[PDB]
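Participant: Below is a structure I'd like to ask you about.
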Number of protein chains: 2
Amino acid sequence: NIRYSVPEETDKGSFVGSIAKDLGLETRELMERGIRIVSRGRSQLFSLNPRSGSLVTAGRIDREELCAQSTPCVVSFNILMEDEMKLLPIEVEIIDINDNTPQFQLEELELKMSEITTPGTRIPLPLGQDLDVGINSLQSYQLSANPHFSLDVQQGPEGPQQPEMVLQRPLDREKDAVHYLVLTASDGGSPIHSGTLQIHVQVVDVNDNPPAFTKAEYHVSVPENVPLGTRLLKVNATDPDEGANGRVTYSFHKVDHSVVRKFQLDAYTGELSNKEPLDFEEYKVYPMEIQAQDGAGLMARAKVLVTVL
Amino acid sequence: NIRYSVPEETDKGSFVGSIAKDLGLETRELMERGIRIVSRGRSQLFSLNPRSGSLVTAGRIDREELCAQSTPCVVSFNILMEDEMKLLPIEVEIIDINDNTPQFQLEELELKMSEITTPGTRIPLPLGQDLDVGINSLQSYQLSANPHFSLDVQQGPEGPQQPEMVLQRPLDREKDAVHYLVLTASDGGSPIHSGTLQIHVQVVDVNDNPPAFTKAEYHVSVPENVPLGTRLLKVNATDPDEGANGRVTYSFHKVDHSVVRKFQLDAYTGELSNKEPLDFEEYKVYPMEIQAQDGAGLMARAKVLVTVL
Ligand SMILES: [Ca+2]
Ligand SMILES: [Ca+2]
Ligand SMILES: [Ca+2]
Ligand SMILES: [Ca+2]
Ligand SMILES: [Ca+2]
Ligand SMILES: [Ca+2]
Ligand SMILES: [Ca+2]
Ligand SMILES: [Ca+2]
Ligand SMILES: [Ca+2]
Ligand SMILES: [Ca+2]
Ligand SMILES: [Ca+2]
Ligand SMILES: [Ca+2]
């Protein structure tokens with residue numbers, strides 16, 4: 001029984017072996033014995049010269065196409081020697097080369113995660129798959145260096161399995177609204193081939209910031225005979241949350257209504273105006289507690305102090 | 001100068017004092033010199049008998065109406081003795097009684113607070129006001145027992161000032177969506193009068209719970225010749241948050257698409273069905289990672305394991 005080897009993907013006409021050598025035959029000996037390949041299966045991948053006895057490749061030999069994930073990859077055929085009517089079994093092993101990179105089944109993974117997601121939360125990652133075999137197949141995964149997420153991997157029989165992205169440090173949309181990461185999947189060839197997956201994490205807002213007034217206290221001095229409806233003051237509060245969570249409206253806290261009833265606070269603009277006459281007497285000052293509310297139940301406070309001159 | 005006292009709110013005709021007694025005059029004496037009140041200001045609150053010399057009340061005497069918050073409350077007038085044409089100055093002090101309860105300027109305070117509100121957060125409360133004076137006016141505030149809120153009060157000169165409600169234990173809308181409390185404002189009378197304010201705290205939802213599947217693993221065994229479109233399994237996840245925060249949808253995690261592509265998972269109902277033929281050989285089992293997402297970026301995981309018989 002005769003066994004040869006050849007790497008996949010050689011150029012057509014690449015040398016595989018000499019039948020005459022391995023039968024110990026010369027030129028005249030070889031021809032008189034009338035050798036030829038019996039056509040079957042993939043035998044047409046090889047060409048036998050009946051004068052010299054050389055066996056060469058005849059066409060593209062792709063181990064991935066022939067054998068996929070099976071090992072080893074052997075092409076079998078008979079050589080017929082017409083003289084003695086004897087069949088000679090030939091085996092050629094097709095050697096895997098590293099001509100495939102680990103592939104993901106998508107290019108970009110889009111994730112949405114609340115900024116309040118608890119550390120330890122685990123998300124399973126798309127698998128990398130390498131068409132090569134053995135050392136040339138998938139050997140490892142790598143997640144790009146970053147402060148919030150790390151990679152976890154189960155070390156299985158033939159390689160790594162079930163990659164997961166695990167949250168380590170808390171997210172914060174007010175610091176980073178989006179995170180971009182890269183997952184690579186590498187084989188064990190030399191050099192190593194690495195496939196790539198882009199990961200996009202969108203951080204979903206939580207109402208986790210109260211508004212904040214520009215000042216703890218707003219002082220205003222107003223004329224004794226100021227007309228009704230006069231703008232006295234504009235207050236303002238900012239809020240870093242998103243949408244309704246960061247949208248603030250203004251109002252009086254309900255404390256002493258007999259004071260606050262003399263005034264008007266625009267819920268949207270924060271403009272404070274007098275609604276009723278103000279006395280220089282009876283009340284030198286007029287302290288009032290005000291409130292800034294966002295759209296989802298967080299609040300801030302300030303004091304307004306109106307002095308009549 | 002002659003000084004008498006009388007409590008406010010006595011019945012008409014109540015005794016205040018005897019002018020004859022304090023002038024040391026008898027019947028014939030008193031009459032001959034011809035006494036009478038000189039009408040001015042609040043003198044009509046009193047009636048003088050010109051024969052007996054008694055001074056009594058003539059109508060309702062309300063100290064709040066006469067003197068409000070000022071102290072003391074004295075009604076002054078002259079008595080004319082027509083004989084000597086001499087003016088006699090009389091003072092009657094009106095004694096405060098505790099006939100007013102501390103009042104709030106509203107019946108119910110409605111507050112909205114996120115369940116994520118930071119403990120230590122302070123809210124100023126409506127003021128109580130008592131029309132009486134001294135010991136009979138506002139002396140203290142009380143907040144009904146509750147584990148989430150305490151009352152803070154400033155002890156000022158004449159009474160308690162600036163009551164505040166302070167958050168102590170974190171809120172949790174999934175435990176209590178609302179809290180009802182009572183603020184009382186009391187005077188120092190005997191017995192004490194107490195005014196009452198109802199407080200209604202509405203707890204605003206935060207997405208602070210992920211969904212949770214009914215099981216960590218769903219196993220199903222299916223016949224080799226199961227028709228395409230067969231309902232195989234219904235998964236379910238619950239979520240205690242409110243509205244969108246608790247509304248869950250179902251999907252496959254992106255792991256091995258070559259497996260998951262053979263199936264269909266309804267995003268709303270959680271019904272899993274087969275979409276492509278299943279192989280008894282190519283895949284004995286079919287493990288799949290599934291996901292439940294709420295409407296605001298939290299998620300839970302489970303596994304589905306499909307075996308072909
Ligand atoms: Ca190949
Ligand atoms: Ca290969
Ligand atoms: Ca490879
Ligand atoms: Ca944040
Ligand atoms: Ca906010
Ligand atoms: Ca936020
Ligand atoms: Ca009274
Ligand atoms: Ca009172
Ligand atoms: Ca009174
Ligand atoms: Ca909660
Ligand atoms: Ca939720
Ligand atoms: Ca909640």
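In the structure tokens, chains take the letters A, B, ... in the order shown, each chain's residues start at 1, and ligands count up from 1 in the order shown.
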Find the residues in chain B near chain A: any atom within 7 Å counts, using only C-alpha atoms. Write them as a list in words.
Facilitator: residues 105, 112, 113, 114, 117, 124, 125, 126, 127, 204, 254, 255, 256, 257, 296, 297 and 298 of chain B
Participant: May I have the residues within 10 Å of ligand 3, computed using only C-alpha atoms and all ligand atoms, as number ranges by chain?
Facilitator: A: 96-103, 129-139, 186-195
Participant: When DSSP works through the backbone of this structure, what residues of stretch 32-233 of chain B end up as helix (DSSP H, G or I), shown as a list in words?
Facilitator: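 Taking stretch 32-233 of chain B and keeping helix (DSSP H, G or I) only, one gets residues 32, 43, 44, 45, 63, 64, 65, 66, 67, 134, 135 and 136 of chain B.
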Participant: If I take atom CA of residue A:295 and atom CA of residue A:248, how far is one from the other in Å, to one decimal?
Facilitator: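 Separation between atom CA of residue A:295 and atom CA of residue A:248: 6.5 Å.
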Participant: Mind checking DSSP for stretch 27-274 of chain B and telling me the strand (DSSP E) residues as JSON, numbers by chain?
Facilitator: {"B": [35, 36, 37, 46, 47, 48, 54, 55, 56, 57, 74, 75, 76, 77, 78, 79, 80, 81, 86, 87, 88, 89, 90, 91, 92, 93, 94, 95, 108, 109, 110, 111, 112, 113, 114, 122, 123, 124, 138, 139, 140, 141, 142, 143, 149, 150, 151, 152, 153, 154, 155, 160, 161, 162, 163, 164, 165, 166, 167, 178, 179, 180, 181, 182, 183, 184, 185, 186, 187, 194, 195, 196, 197, 198, 199, 200, 201, 202, 203, 204, 212, 213, 217, 218, 219, 220, 221, 222, 231, 232, 233, 234, 237, 238, 249, 250, 251, 252, 263, 264, 265, 271, 272, 273, 274]}
Participant: Least-squares fit chain B onto chain A by Cα, in order, and just send back the RMSD.
Facilitator: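 Answer to one decimal place: 0.2 Å.
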Participant: Which residues form the shell of 6 Å around ligand 10 when you count only C-alpha atoms and all ligand atoms, given as a ChimeraX atom specification?
Facilitator: /B:172-174,208
Participant: Nearest residue to ligand 6 out of A:273, A:168, A:238, A:245, using only C-alpha atoms and all ligand atoms?
Facilitator: A:245
Participant: Residues contacting ligand 1 - anything with an atom at most 6 Å away, using only C-alpha atoms and all ligand atoms - can you give me those as a ChimeraX atom specification?
Facilitator: /A:62-64,99
Participant: Find the residues near stretch 216-232 of chain B: any atom within 6 Å, counting only C-alpha atoms, skip ones fewer than 4 places away on the same chain, and give them as a ChimeraX atom specification.
Facilitator: /B:272-275,302-309
Participant: If we count only C-alpha atoms, what is near residue B:72 at a cut-off of 9 Å, once residues fewer than 4 positions away on the same chain are taken out, given as a ChimeraX atom specification?
Facilitator: /B:67,93-96
Participant: Can you tell me, as JSON, numbers by chain, what residues are no more than 9 Å from stretch 10-16 of chain B when counting only C-alpha atoms, ignoring any on the same chain fewer than 2 positions away?
Facilitator: {"B": [4, 5, 6, 7, 8, 18, 46, 47, 54, 55, 56, 57, 58, 59, 60, 61, 92]}
